[PDB]
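Below is target_30.pdb, which holds PDB, C-alpha atoms.
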```
ATOM      1  CA  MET A   1      13.109  49.826 -35.812  1.00  0.00           C
ATOM      2  CA  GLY A   2      11.576  47.104 -33.644  1.00  0.00           C
ATOM      3  CA  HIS A   3       9.629  46.560 -30.433  1.00  0.00           C
ATOM      4  CA  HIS A   4      10.586  43.553 -28.313  1.00  0.00           C
ATOM      5  CA  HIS A   5      10.002  42.660 -24.676  1.00  0.00           C
ATOM      6  CA  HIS A   6      11.134  39.968 -22.260  1.00  0.00           C
ATOM      7  CA  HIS A   7       8.832  37.645 -20.312  1.00  0.00           C
ATOM      8  CA  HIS A   8       9.189  34.616 -18.049  1.00  0.00           C
ATOM      9  CA  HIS A   9       7.130  32.251 -15.905  1.00  0.00           C
ATOM     10  CA  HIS A  10       7.948  30.533 -12.603  1.00  0.00           C
ATOM     11  CA  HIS A  11       6.341  28.270 -10.005  1.00  0.00           C
ATOM     12  CA  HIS A  12       7.069  27.830  -6.287  1.00  0.00           C
ATOM     13  CA  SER A  13       5.827  25.638  -3.430  1.00  0.00           C
ATOM     14  CA  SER A  14       5.518  26.204   0.325  1.00  0.00           C
ATOM     15  CA  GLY A  15       4.047  24.355   3.303  1.00  0.00           C
ATOM     16  CA  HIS A  16       4.016  20.646   4.148  1.00  0.00           C
ATOM     17  CA  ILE A  17       1.120  18.249   4.822  1.00  0.00           C
ATOM     18  CA  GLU A  18       1.041  14.455   5.245  1.00  0.00           C
ATOM     19  CA  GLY A  19      -2.641  13.844   5.942  1.00  0.00           C
ATOM     20  CA  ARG A  20      -3.395  10.621   7.828  1.00  0.00           C
ATOM     21  CA  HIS A  21      -2.126   7.276   6.537  1.00  0.00           C
ATOM     22  CA  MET A  22      -0.030   4.355   7.797  1.00  0.00           C
ATOM     23  CA  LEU A  23       2.525   1.931   6.352  1.00  0.00           C
ATOM     24  CA  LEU A  24       2.103  -1.868   6.556  1.00  0.00           C
ATOM     25  CA  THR A  25       4.675  -4.496   5.619  1.00  0.00           C
ATOM     26  CA  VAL A  26       3.698  -7.520   3.525  1.00  0.00           C
ATOM     27  CA  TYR A  27       5.765 -10.698   3.119  1.00  0.00           C
ATOM     28  CA  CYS A  28       4.607 -12.947   0.267  1.00  0.00           C
ATOM     29  CA  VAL A  29       5.891 -16.523   0.282  1.00  0.00           C
ATOM     30  CA  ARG A  30       5.982 -18.986  -2.600  1.00  0.00           C
ATOM     31  CA  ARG A  31       7.467 -22.455  -2.022  1.00  0.00           C
ATOM     32  CA  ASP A  32       9.301 -21.773  -5.291  1.00  0.00           C
ATOM     33  CA  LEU A  33      11.702 -19.396  -3.413  1.00  0.00           C
ATOM     34  CA  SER A  34      10.154 -16.498  -5.342  1.00  0.00           C
ATOM     35  CA  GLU A  35       9.267 -14.926  -2.022  1.00  0.00           C
ATOM     36  CA  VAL A  36       9.291 -11.138  -1.732  1.00  0.00           C
ATOM     37  CA  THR A  37       8.517  -8.474   0.860  1.00  0.00           C
ATOM     38  CA  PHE A  38       7.390  -4.886   0.360  1.00  0.00           C
ATOM     39  CA  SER A  39       5.382  -2.232   2.198  1.00  0.00           C
ATOM     40  CA  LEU A  40       2.149  -0.424   1.346  1.00  0.00           C
ATOM     41  CA  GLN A  41       0.578   2.906   2.245  1.00  0.00           C
ATOM     42  CA  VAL A  42      -3.003   2.498   3.446  1.00  0.00           C
ATOM     43  CA  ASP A  43      -5.678   4.322   5.446  1.00  0.00           C
ATOM     44  CA  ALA A  44      -6.400   3.218   9.019  1.00  0.00           C
ATOM     45  CA  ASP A  45      -9.982   2.351   8.001  1.00  0.00           C
ATOM     46  CA  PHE A  46      -8.930   0.706   4.724  1.00  0.00           C
ATOM     47  CA  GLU A  47     -10.834  -2.546   4.088  1.00  0.00           C
ATOM     48  CA  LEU A  48      -8.951  -5.831   4.380  1.00  0.00           C
ATOM     49  CA  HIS A  49     -10.768  -6.486   1.096  1.00  0.00           C
ATOM     50  CA  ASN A  50      -8.944  -3.589  -0.554  1.00  0.00           C
ATOM     51  CA  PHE A  51      -5.655  -4.283   1.254  1.00  0.00           C
ATOM     52  CA  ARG A  52      -5.461  -7.862  -0.068  1.00  0.00           C
ATOM     53  CA  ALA A  53      -6.129  -6.444  -3.557  1.00  0.00           C
ATOM     54  CA  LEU A  54      -3.133  -4.107  -3.180  1.00  0.00           C
ATOM     55  CA  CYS A  55      -1.077  -7.099  -1.992  1.00  0.00           C
ATOM     56  CA  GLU A  56      -2.167  -9.010  -5.117  1.00  0.00           C
ATOM     57  CA  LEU A  57      -1.190  -6.052  -7.317  1.00  0.00           C
ATOM     58  CA  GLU A  58       2.317  -5.518  -5.918  1.00  0.00           C
ATOM     59  CA  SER A  59       3.123  -9.215  -5.513  1.00  0.00           C
ATOM     60  CA  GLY A  60       1.865 -10.238  -8.958  1.00  0.00           C
ATOM     61  CA  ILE A  61       0.178 -13.407  -7.674  1.00  0.00           C
ATOM     62  CA  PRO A  62      -3.577 -13.848  -7.182  1.00  0.00           C
ATOM     63  CA  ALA A  63      -5.190 -13.372  -3.784  1.00  0.00           C
ATOM     64  CA  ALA A  64      -7.564 -16.089  -5.018  1.00  0.00           C
ATOM     65  CA  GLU A  65      -4.683 -18.620  -5.025  1.00  0.00           C
ATOM     66  CA  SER A  66      -3.389 -17.565  -1.629  1.00  0.00           C
ATOM     67  CA  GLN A  67      -4.274 -16.849   1.979  1.00  0.00           C
ATOM     68  CA  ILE A  68      -3.074 -13.974   4.133  1.00  0.00           C
ATOM     69  CA  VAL A  69      -2.116 -14.412   7.797  1.00  0.00           C
ATOM     70  CA  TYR A  70      -1.590 -11.895  10.613  1.00  0.00           C
ATOM     71  CA  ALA A  71      -0.796 -12.514  14.309  1.00  0.00           C
ATOM     72  CA  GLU A  72      -0.560 -16.264  13.473  1.00  0.00           C
ATOM     73  CA  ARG A  73      -4.226 -16.301  12.287  1.00  0.00           C
ATOM     74  CA  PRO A  74      -5.710 -16.005   8.791  1.00  0.00           C
ATOM     75  CA  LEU A  75      -7.480 -12.719   8.008  1.00  0.00           C
ATOM     76  CA  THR A  76     -10.844 -14.193   7.017  1.00  0.00           C
ATOM     77  CA  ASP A  77     -13.039 -11.108   7.232  1.00  0.00           C
ATOM     78  CA  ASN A  78     -12.744  -8.910   4.160  1.00  0.00           C
ATOM     79  CA  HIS A  79     -15.211  -6.516   5.830  1.00  0.00           C
ATOM     80  CA  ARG A  80     -12.919  -5.638   8.746  1.00  0.00           C
ATOM     81  CA  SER A  81     -10.783  -2.536   8.444  1.00  0.00           C
ATOM     82  CA  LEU A  82      -7.063  -2.794   9.166  1.00  0.00           C
ATOM     83  CA  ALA A  83      -7.351  -0.681  12.325  1.00  0.00           C
ATOM     84  CA  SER A  84      -9.993  -3.118  13.627  1.00  0.00           C
ATOM     85  CA  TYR A  85      -7.440  -5.955  13.374  1.00  0.00           C
ATOM     86  CA  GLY A  86      -4.932  -3.706  15.118  1.00  0.00           C
ATOM     87  CA  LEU A  87      -2.889  -3.620  11.920  1.00  0.00           C
ATOM     88  CA  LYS A  88      -1.126  -0.343  12.652  1.00  0.00           C
ATOM     89  CA  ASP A  89       1.962   1.330  11.217  1.00  0.00           C
ATOM     90  CA  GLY A  90       4.961  -0.978  11.080  1.00  0.00           C
ATOM     91  CA  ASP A  91       3.008  -4.221  11.471  1.00  0.00           C
ATOM     92  CA  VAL A  92       3.632  -7.199   9.145  1.00  0.00           C
ATOM     93  CA  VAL A  93       1.339  -9.656   7.305  1.00  0.00           C
ATOM     94  CA  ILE A  94       2.297 -12.926   5.586  1.00  0.00           C
ATOM     95  CA  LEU A  95       0.739 -14.023   2.281  1.00  0.00           C
ATOM     96  CA  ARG A  96       1.002 -17.711   1.311  1.00  0.00           C
ATOM     97  CA  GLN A  97       0.445 -18.805  -2.335  1.00  0.00           C
TER      98      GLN A  97
END
```
Using structure tokens, write down the structure that the file contains.
Amino acid sequence: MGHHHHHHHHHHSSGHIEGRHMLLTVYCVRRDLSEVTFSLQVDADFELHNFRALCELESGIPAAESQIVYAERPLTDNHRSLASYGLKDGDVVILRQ
């Protein structure tokens, strides 16, 4: 005697979506030749305030001990969004510690 059955489970995916985002390149320079460059995914309306915090996170050096420059000018206004600086996909910023 005996009563057994078989069972299974499975999962699938379909479709593709990317939303709306953009990639910016960051080049962090230390005079100690510990300079590094990377890129970050951000929203168009992302604050410069939040963007510099992401730069601090990935670079491992405080934003408080550095300044960030774009189009040869420092980005002084934390309350400007990246799109308002014209910082669009593929553009590059330079951080100086």
- Item | Interatomic distance, atom CA of residue 52 of chain A to atom CA of residue 36 of chain A (Å, one decimal) | 15.2 Å
Residue 33 of chain A: which residues within 12 Å, counting all atoms listed in the file, same-chain residues fewer than 4 positions away excluded, as a PDB file with C-alpha atoms, in the coordinates of the input?
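So out-v8.pdb came out as:
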```
ATOM      1  CA  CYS A  28       4.607 -12.947   0.267  1.00  0.00           C
ATOM      2  CA  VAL A  29       5.891 -16.523   0.282  1.00  0.00           C
ATOM      3  CA  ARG A  96       1.002 -17.711   1.311  1.00  0.00           C
ATOM      4  CA  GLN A  97       0.445 -18.805  -2.335  1.00  0.00           C
TER       5      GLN A  97
END
```
- Message: Which residues are close to segment 65-77 of chain A, i.e. within 10 Å by only C-alpha atoms, leaving aside same-chain residues fewer than 6 positions away? Reply as a PyMOL selection string.
- Response: chain A and resi 26-30+47-49+52+55-56+85-87+91-97
Expand the PyMOL selection byres ((chain A and resi 8-25) around 6) into the individual residues it matches in the shown file, reporting them as a PDB file with C-alpha atoms, keeping the file's coordinate frame.
```pdb
ATOM      1  CA  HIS A   7       8.832  37.645 -20.312  1.00  0.00           C
ATOM      2  CA  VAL A  26       3.698  -7.520   3.525  1.00  0.00           C
ATOM      3  CA  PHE A  38       7.390  -4.886   0.360  1.00  0.00           C
ATOM      4  CA  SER A  39       5.382  -2.232   2.198  1.00  0.00           C
ATOM      5  CA  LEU A  40       2.149  -0.424   1.346  1.00  0.00           C
ATOM      6  CA  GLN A  41       0.578   2.906   2.245  1.00  0.00           C
ATOM      7  CA  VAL A  42      -3.003   2.498   3.446  1.00  0.00           C
ATOM      8  CA  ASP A  43      -5.678   4.322   5.446  1.00  0.00           C
ATOM      9  CA  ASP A  89       1.962   1.330  11.217  1.00  0.00           C
ATOM     10  CA  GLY A  90       4.961  -0.978  11.080  1.00  0.00           C
ATOM     11  CA  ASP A  91       3.008  -4.221  11.471  1.00  0.00           C
ATOM     12  CA  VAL A  92       3.632  -7.199   9.145  1.00  0.00           C
TER      13      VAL A  92
END
```
- Item | atom CA of residue 31 of chain A to atom CA of residue 46 of chain A, straight-line distance in Å |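 Atom-to-atom, atom CA of residue 46 of chain A to atom CA of residue 31 of chain A, that is 29.2 Å.
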- Query: A:63, A:58, A:53, A:44: which is nearest residue 82 of chain A, counting all atoms listed in the file?
  - Reply: A:44
- Message: Between atom CA of residue 35 of chain A and atom CA of residue 60 of chain A, what is the distance in Å, rounded to a tenth?
- Response: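 Interatomic distance, atom CA of residue 35 of chain A to atom CA of residue 60 of chain A: 11.2 Å.
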Quick one: 4 Å padding each side, axis-aligned, all listed atoms of segment 43-47 of chain A - centre and edge lengths in Å to one decimal, as lines of an AutoDock Vina configuration file?
```
center_x = -8.3
center_y = 0.9
center_z = 6.6
size_x = 13.2
size_y = 14.9
size_z = 12.9
```
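Between residue 59 of chain A and the residues A:78, A:5, A:45, A:34, the shortest atom-to-atom distance, using all atoms listed in the file, involves A:34.
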